[PDB]
Structure formats: C-alpha cells, structure tokens
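What follows is the content of run-v4.txt, which has compact mmCIF, C-alpha atoms:
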```
# COMPACT_ATOMS: atom_id res chain seq x y z
CA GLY A 1 -18.18 -1.90 1.24
CA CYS A 2 -16.46 1.45 0.83
CA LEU A 3 -12.78 1.93 -0.04
CA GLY A 4 -11.02 2.36 3.30
CA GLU A 5 -9.93 5.90 4.15
CA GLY A 6 -6.53 6.50 2.57
CA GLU A 7 -7.16 3.87 0.19
CA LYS A 8 -7.36 5.26 -3.35
CA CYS A 9 -10.53 4.39 -5.25
CA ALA A 10 -10.61 1.91 -8.13
CA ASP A 11 -12.95 0.06 -10.49
CA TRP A 12 -11.91 -3.10 -8.64
CA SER A 13 -14.48 -2.64 -5.86
CA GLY A 14 -15.99 0.41 -7.31
CA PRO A 15 -15.06 3.94 -6.11
CA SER A 16 -17.04 5.25 -3.14
CA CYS A 17 -14.69 6.15 -0.29
CA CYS A 18 -15.80 5.29 3.25
CA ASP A 19 -17.65 7.75 5.50
CA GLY A 20 -16.11 11.11 6.32
CA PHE A 21 -14.85 11.45 2.76
CA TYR A 22 -16.27 11.10 -0.76
CA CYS A 23 -14.54 9.82 -3.89
CA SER A 24 -14.26 11.76 -7.15
CA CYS A 25 -13.39 9.49 -10.08
CA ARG A 26 -15.98 10.28 -12.74
CA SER A 27 -15.33 9.54 -16.42
CA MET A 28 -11.94 11.24 -16.03
CA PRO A 29 -8.81 9.03 -15.79
CA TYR A 30 -7.82 10.69 -12.52
CA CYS A 31 -9.63 9.53 -9.39
CA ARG A 32 -9.15 10.00 -5.65
CA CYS A 33 -10.94 10.50 -2.33
CA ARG A 34 -12.01 13.85 -0.89
CA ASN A 35 -12.60 14.44 2.81
CA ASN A 36 -15.11 17.06 3.93
CA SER A 37 -13.95 20.45 5.19
```
Any chance you could put this one into structure tokens?
Amino acid sequence: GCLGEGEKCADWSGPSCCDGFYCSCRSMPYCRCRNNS
C-alpha cells in the first residue's frame, strides 16, 4: 500500500506516495511527496 496523501513517506512502509502524487526520498536524508502539476 502507498503512503496516504499528506502522509510523509518513510522507510517504515517504504516511500511511494499514493496516486496523484509521487514521493521523492532517494538516498538523501530529506524525503517528501510531490503531487503532479
């Protein structure tokens, strides 16, 4: 399952971000969603 909508990503369930928005964690320490424009 994805990570809700406003729900910040995390290694807990693995970043992914539900539909309508993609997550951007990468190897960097900073991670967060990213809705499409």
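Of note, CA of residue 27 in chain A and CA of residue 13 in chain A are spaced 16.1 Å apart.
Those residues positioned at most 10 Å from (-17.9, 7.1, -4.9) are residues 2, 3, 9, 10, 14, 15, 16, 17, 18, 21, 22, 23, 24, 25, 26, 31, 32, 33 and 34 of chain A, judged using all atoms listed in the file.
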Taking every listed atom of range 15-22 of chain A and adding 3 Å to each side, what centre and edge lengths in Å (one decimal) does the axis-aligned box have, as AutoDock Vina command-line options?
```
--center_x -16.2 --center_y 7.7 --center_z 0.1 --size_x 9.0 --size_y 13.5 --size_z 18.4
```
